[PDB]
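Peer 1: Contents are mmCIF, C-alpha atoms; chains and numbers go by the auth columns; file name upload-v2.cif:
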data_coords
#
loop_
_atom_site.group_PDB
_atom_site.id
_atom_site.type_symbol
_atom_site.label_atom_id
_atom_site.label_comp_id
_atom_site.label_asym_id
_atom_site.label_seq_id
_atom_site.Cartn_x
_atom_site.Cartn_y
_atom_site.Cartn_z
_atom_site.B_iso_or_equiv
_atom_site.auth_seq_id
_atom_site.auth_asym_id
ATOM 1 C CA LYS A 1 42.758 -36.467 3.900 0.00 62 A
ATOM 2 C CA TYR A 2 42.232 -33.169 5.707 0.00 63 A
ATOM 3 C CA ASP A 3 45.516 -31.507 6.638 0.00 64 A
ATOM 4 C CA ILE A 4 46.037 -31.880 10.380 0.00 65 A
ATOM 5 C CA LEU A 5 46.409 -28.406 11.856 0.00 66 A
ATOM 6 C CA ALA A 6 49.836 -27.574 13.244 0.00 67 A
ATOM 7 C CA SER A 7 50.373 -26.832 16.924 0.00 68 A
ATOM 8 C CA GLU A 8 51.753 -23.452 15.831 0.00 69 A
ATOM 9 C CA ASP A 9 48.374 -22.548 14.307 0.00 70 A
ATOM 10 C CA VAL A 10 46.795 -22.186 17.746 0.00 71 A
ATOM 11 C CA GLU A 11 49.952 -20.537 19.161 0.00 72 A
ATOM 12 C CA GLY A 12 50.314 -19.740 22.855 0.00 73 A
ATOM 13 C CA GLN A 13 51.378 -23.342 23.479 0.00 74 A
ATOM 14 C CA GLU A 14 53.766 -22.636 26.333 0.00 75 A
ATOM 15 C CA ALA A 15 56.112 -25.552 26.964 0.00 76 A
ATOM 16 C CA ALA A 16 54.935 -26.216 30.515 0.00 77 A
ATOM 17 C CA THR A 17 57.023 -28.746 32.437 0.00 78 A
ATOM 18 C CA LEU A 18 55.045 -29.309 35.644 0.00 79 A
ATOM 19 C CA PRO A 19 53.337 -32.727 35.471 0.00 80 A
ATOM 20 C CA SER A 20 50.743 -32.058 38.180 0.00 81 A
ATOM 21 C CA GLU A 21 49.891 -29.681 41.009 0.00 82 A
ATOM 22 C CA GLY A 22 47.360 -30.052 43.805 0.00 83 A
ATOM 23 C CA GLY A 23 46.614 -33.664 42.916 0.00 84 A
ATOM 24 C CA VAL A 24 44.982 -32.769 39.610 0.00 85 A
ATOM 25 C CA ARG A 25 47.045 -33.331 36.486 0.00 86 A
ATOM 26 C CA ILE A 26 48.456 -30.479 34.411 0.00 87 A
ATOM 27 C CA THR A 27 47.439 -30.636 30.768 0.00 88 A
ATOM 28 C CA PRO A 28 50.177 -29.717 28.275 0.00 89 A
ATOM 29 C CA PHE A 29 49.684 -26.342 26.632 0.00 90 A
ATOM 30 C CA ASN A 30 50.968 -27.997 23.435 0.00 91 A
ATOM 31 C CA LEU A 31 48.664 -30.149 21.307 0.00 92 A
ATOM 32 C CA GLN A 32 51.533 -32.418 20.249 0.00 93 A
ATOM 33 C CA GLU A 33 50.356 -35.128 22.654 0.00 94 A
ATOM 34 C CA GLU A 34 46.708 -34.898 21.586 0.00 95 A
ATOM 35 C CA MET A 35 47.731 -34.801 17.922 0.00 96 A
ATOM 36 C CA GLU A 36 49.807 -37.942 18.489 0.00 97 A
ATOM 37 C CA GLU A 37 46.893 -39.660 20.238 0.00 98 A
ATOM 38 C CA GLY A 38 44.411 -38.600 17.559 0.00 99 A
ATOM 39 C CA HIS A 39 44.979 -36.095 14.774 0.00 100 A
ATOM 40 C CA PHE A 40 42.906 -32.960 14.413 0.00 101 A
ATOM 41 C CA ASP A 41 41.355 -32.095 11.067 0.00 102 A
ATOM 42 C CA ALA A 42 41.604 -28.929 8.970 0.00 103 A
ATOM 43 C CA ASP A 43 38.659 -27.462 10.931 0.00 104 A
ATOM 44 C CA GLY A 44 39.240 -28.533 14.535 0.00 105 A
ATOM 45 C CA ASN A 45 37.682 -31.998 14.716 0.00 106 A
ATOM 46 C CA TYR A 46 39.125 -35.016 16.554 0.00 107 A
ATOM 47 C CA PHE A 47 39.493 -38.009 14.261 0.00 108 A
ATOM 48 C CA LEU A 48 40.982 -40.327 16.882 0.00 109 A
ATOM 49 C CA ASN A 49 43.659 -42.824 15.844 0.00 110 A
ATOM 50 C CA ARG A 50 41.943 -46.188 16.322 0.00 111 A
ATOM 51 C CA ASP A 51 43.642 -47.902 19.262 0.00 112 A
ATOM 52 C CA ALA A 52 43.932 -51.467 17.945 0.00 113 A
ATOM 53 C CA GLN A 53 45.618 -53.299 20.822 0.00 114 A
ATOM 54 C CA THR B 1 -21.985 -44.950 10.374 0.00 1225 B
ATOM 55 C CA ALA B 2 -18.319 -45.940 10.659 0.00 1226 B
ATOM 56 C CA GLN B 3 -14.798 -45.116 11.782 0.00 1227 B
ATOM 57 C CA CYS B 4 -11.435 -45.345 10.033 0.00 1228 B
ATOM 58 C CA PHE B 5 -8.452 -46.078 12.251 0.00 1229 B
ATOM 59 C CA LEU B 6 -5.271 -44.828 10.608 0.00 1230 B
ATOM 60 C CA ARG B 7 -1.693 -46.019 10.730 0.00 1231 B
ATOM 61 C CA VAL B 8 1.570 -45.561 8.872 0.00 1232 B
ATOM 62 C CA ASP B 9 2.624 -48.112 6.286 0.00 1233 B
ATOM 63 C CA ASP B 10 5.460 -50.351 7.437 0.00 1234 B
ATOM 64 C CA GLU B 11 7.120 -49.350 4.174 0.00 1235 B
ATOM 65 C CA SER B 12 6.969 -45.669 5.136 0.00 1236 B
ATOM 66 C CA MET B 13 8.361 -46.235 8.631 0.00 1237 B
ATOM 67 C CA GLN B 14 11.205 -48.280 7.166 0.00 1238 B
ATOM 68 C CA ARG B 15 11.899 -45.600 4.548 0.00 1239 B
ATOM 69 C CA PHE B 16 12.109 -42.872 7.197 0.00 1240 B
ATOM 70 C CA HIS B 17 14.305 -45.065 9.398 0.00 1241 B
ATOM 71 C CA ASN B 18 16.639 -45.682 6.459 0.00 1242 B
ATOM 72 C CA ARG B 19 16.749 -41.931 5.815 0.00 1243 B
ATOM 73 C CA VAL B 20 17.907 -41.301 9.383 0.00 1244 B
ATOM 74 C CA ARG B 21 20.448 -44.094 8.923 0.00 1245 B
ATOM 75 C CA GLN B 22 21.736 -42.270 5.849 0.00 1246 B
ATOM 76 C CA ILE B 23 21.969 -39.141 8.004 0.00 1247 B
ATOM 77 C CA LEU B 24 24.137 -40.777 10.669 0.00 1248 B
ATOM 78 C CA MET B 25 26.170 -42.980 8.326 0.00 1249 B
ATOM 79 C CA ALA B 26 27.063 -40.282 5.786 0.00 1250 B
ATOM 80 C CA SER B 27 28.063 -37.743 8.456 0.00 1251 B
ATOM 81 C CA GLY B 28 31.800 -38.168 8.930 0.00 1252 B
ATOM 82 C CA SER B 29 33.191 -34.630 9.096 0.00 1253 B
ATOM 83 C CA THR B 30 30.043 -32.543 8.556 0.00 1254 B
ATOM 84 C CA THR B 31 29.159 -29.793 11.000 0.00 1255 B
ATOM 85 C CA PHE B 32 26.523 -30.468 13.638 0.00 1256 B
ATOM 86 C CA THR B 33 24.183 -27.898 12.101 0.00 1257 B
ATOM 87 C CA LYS B 34 23.990 -29.846 8.839 0.00 1258 B
ATOM 88 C CA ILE B 35 23.149 -33.052 10.705 0.00 1259 B
ATOM 89 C CA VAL B 36 20.366 -31.407 12.693 0.00 1260 B
ATOM 90 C CA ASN B 37 19.118 -29.692 9.522 0.00 1261 B
ATOM 91 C CA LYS B 38 18.775 -33.040 7.761 0.00 1262 B
ATOM 92 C CA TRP B 39 17.064 -34.514 10.821 0.00 1263 B
ATOM 93 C CA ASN B 40 14.571 -31.642 10.954 0.00 1264 B
ATOM 94 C CA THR B 41 13.883 -31.969 7.229 0.00 1265 B
ATOM 95 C CA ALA B 42 13.138 -35.678 7.638 0.00 1266 B
ATOM 96 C CA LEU B 43 10.970 -35.137 10.712 0.00 1267 B
ATOM 97 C CA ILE B 44 8.972 -32.346 9.093 0.00 1268 B
ATOM 98 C CA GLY B 45 8.372 -34.314 5.911 0.00 1269 B
ATOM 99 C CA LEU B 46 7.207 -37.377 7.817 0.00 1270 B
ATOM 100 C CA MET B 47 5.134 -35.604 10.445 0.00 1271 B
ATOM 101 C CA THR B 48 3.382 -33.206 8.074 0.00 1272 B
ATOM 102 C CA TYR B 49 2.537 -35.949 5.609 0.00 1273 B
ATOM 103 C CA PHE B 50 1.267 -38.478 8.188 0.00 1274 B
ATOM 104 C CA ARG B 51 -0.334 -36.085 10.661 0.00 1275 B
ATOM 105 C CA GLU B 52 -2.607 -38.365 12.715 0.00 1276 B
ATOM 106 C CA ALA B 53 -1.182 -41.625 11.382 0.00 1277 B
ATOM 107 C CA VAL B 54 1.992 -40.926 13.365 0.00 1278 B
ATOM 108 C CA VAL B 55 0.018 -40.442 16.575 0.00 1279 B
#
Kindly present the structure from the file in structure tokens form.
Peer 2:
Amino acid sequence: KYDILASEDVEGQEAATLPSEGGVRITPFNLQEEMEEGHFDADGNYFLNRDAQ
Amino acid sequence: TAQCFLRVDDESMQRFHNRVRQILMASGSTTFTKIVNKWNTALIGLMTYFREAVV
């Protein structure tokens, strides 16, 4: 399978801690959560881990 | 003295439809440009071979 790109590859993934501000949520600057939800590919695609539940 | 109404063979329509199905099904990780290139190739082949029969 295509090697999932590391979150260090993008860089500038500041470890923000604020969950939300002004009602709207605050997305994490780190792609660890998105990678966990569904892995990237070697060229920035989004093969999503099939949620069988 | 006559007319000749034209159509496209059911076989040809099914063949083109199966080609587009091959396009979508075999995609996976290909770029979007390749997918649209294959679509345009199929459309041009069909619509320049069957010019009025498509209409």
Peer 1: Residues of chain A within 12 Å of chain B, counting only C-alpha atoms, what are they? List them as a short mmCIF file (atom, residue, chain, number, x, y, z; two decimals) with C-alpha atoms, in the coordinates of the input.
Peer 2:
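Written out: result.cif:
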data_model
loop_
_atom_site.label_atom_id
_atom_site.label_comp_id
_atom_site.auth_asym_id
_atom_site.auth_seq_id
_atom_site.Cartn_x
_atom_site.Cartn_y
_atom_site.Cartn_z
CA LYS A 62 42.76 -36.47 3.90
CA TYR A 63 42.23 -33.17 5.71
CA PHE A 101 42.91 -32.96 14.41
CA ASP A 102 41.36 -32.10 11.07
CA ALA A 103 41.60 -28.93 8.97
CA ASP A 104 38.66 -27.46 10.93
CA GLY A 105 39.24 -28.53 14.54
CA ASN A 106 37.68 -32.00 14.72
CA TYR A 107 39.12 -35.02 16.55
CA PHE A 108 39.49 -38.01 14.26
#
Peer 1: Decode the PyMOL selection byres ((chain A and resi 77) around 10) for the given file into explicit residues and return them as a ChimeraX atom specification.
Peer 2: /A:74-76,78-80,87-91
Peer 1: Please report the interatomic distance between CA of residue 1277 in chain B and CA of residue 1229 in chain B in Å with one decimal.
Peer 2: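 Answer for the CA of residue 1277 in chain B to CA of residue 1229 in chain B separation: 8.6 Å.
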Peer 1: Here's the selection I'm unsure about, the PyMOL selection byres ((chain B and resi 1269-1276) around 9); applied to the file above, which residues does it give, as a ChimeraX atom specification?
Peer 2: /B:1230-1232,1236-1237,1240,1264-1268,1277-1279
Peer 1: What is the distance between CA of residue 1260 in chain B and CA of residue 1241 in chain B, in Å to one decimal?
Peer 2: 15.3 Å
Peer 1: Identify, on the basis of all atoms listed in the file, every residue whose closest approach to residue 1256 in chain B does not exceed 12 Å; exclude the query and any residue fewer than 6 positions from it along the same chain; express the result as a PyMOL selection string.
Peer 2: (chain A and resi 106) or (chain B and resi 1247-1248+1262-1263)
Peer 1: Please rebuild range 99-114 of chain A with N, CA and C atoms and return the result as a PDB file, keeping the file's coordinate frame.
Peer 2:
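Writing done, so here's result.pdb:
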ATOM      1  N   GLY A  99      45.319 -38.634  18.688  1.00  0.00           N
ATOM      2  CA  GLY A  99      44.411 -38.600  17.559  1.00  0.00           C
ATOM      3  C   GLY A  99      44.485 -37.273  16.836  1.00  0.00           C
ATOM      4  N   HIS A 100      44.719 -37.311  15.529  1.00  0.00           N
ATOM      5  CA  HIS A 100      44.979 -36.095  14.774  1.00  0.00           C
ATOM      6  C   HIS A 100      43.738 -35.219  14.690  1.00  0.00           C
ATOM      7  N   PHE A 101      43.950 -33.909  14.761  1.00  0.00           N
ATOM      8  CA  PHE A 101      42.906 -32.960  14.413  1.00  0.00           C
ATOM      9  C   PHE A 101      42.640 -33.011  12.913  1.00  0.00           C
ATOM     10  N   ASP A 102      41.622 -32.276  12.485  1.00  0.00           N
ATOM     11  CA  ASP A 102      41.355 -32.095  11.067  1.00  0.00           C
ATOM     12  C   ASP A 102      41.711 -30.664  10.667  1.00  0.00           C
ATOM     13  N   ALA A 103      41.385 -30.292   9.431  1.00  0.00           N
ATOM     14  CA  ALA A 103      41.604 -28.929   8.970  1.00  0.00           C
ATOM     15  C   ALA A 103      40.674 -27.917   9.627  1.00  0.00           C
ATOM     16  N   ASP A 104      39.640 -28.366  10.342  1.00  0.00           N
ATOM     17  CA  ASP A 104      38.659 -27.462  10.931  1.00  0.00           C
ATOM     18  C   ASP A 104      38.373 -27.809  12.388  1.00  0.00           C
ATOM     19  N   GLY A 105      39.377 -28.294  13.111  1.00  0.00           N
ATOM     20  CA  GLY A 105      39.240 -28.533  14.535  1.00  0.00           C
ATOM     21  C   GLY A 105      38.296 -29.643  14.953  1.00  0.00           C
ATOM     22  N   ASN A 106      38.353 -30.788  14.273  1.00  0.00           N
ATOM     23  CA  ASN A 106      37.682 -31.998  14.716  1.00  0.00           C
ATOM     24  C   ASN A 106      38.716 -32.919  15.371  1.00  0.00           C
ATOM     25  N   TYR A 107      38.279 -34.106  15.789  1.00  0.00           N
ATOM     26  CA  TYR A 107      39.125 -35.016  16.554  1.00  0.00           C
ATOM     27  C   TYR A 107      39.053 -36.453  16.041  1.00  0.00           C
ATOM     28  N   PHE A 108      39.304 -36.647  14.748  1.00  0.00           N
ATOM     29  CA  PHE A 108      39.493 -38.009  14.261  1.00  0.00           C
ATOM     30  C   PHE A 108      40.546 -38.699  15.121  1.00  0.00           C
ATOM     31  N   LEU A 109      40.122 -39.697  15.890  1.00  0.00           N
ATOM     32  CA  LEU A 109      40.982 -40.327  16.882  1.00  0.00           C
ATOM     33  C   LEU A 109      41.618 -41.573  16.279  1.00  0.00           C
ATOM     34  N   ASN A 110      42.945 -41.663  16.358  1.00  0.00           N
ATOM     35  CA  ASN A 110      43.659 -42.824  15.844  1.00  0.00           C
ATOM     36  C   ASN A 110      43.171 -44.090  16.533  1.00  0.00           C
ATOM     37  N   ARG A 111      42.555 -44.987  15.766  1.00  0.00           N
ATOM     38  CA  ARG A 111      41.943 -46.188  16.322  1.00  0.00           C
ATOM     39  C   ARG A 111      42.962 -47.016  17.089  1.00  0.00           C
ATOM     40  N   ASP A 112      42.735 -47.159  18.391  1.00  0.00           N
ATOM     41  CA  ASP A 112      43.642 -47.902  19.262  1.00  0.00           C
ATOM     42  C   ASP A 112      43.354 -49.388  19.106  1.00  0.00           C
ATOM     43  N   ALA A 113      44.055 -50.031  18.177  1.00  0.00           N
ATOM     44  CA  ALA A 113      43.932 -51.467  17.945  1.00  0.00           C
ATOM     45  C   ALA A 113      45.026 -52.160  18.748  1.00  0.00           C
ATOM     46  N   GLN A 114      44.663 -52.665  19.920  1.00  0.00           N
ATOM     47  CA  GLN A 114      45.618 -53.299  20.822  1.00  0.00           C
ATOM     48  C   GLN A 114      44.836 -54.172  21.796  1.00  0.00           C
TER      49      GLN A 114
END
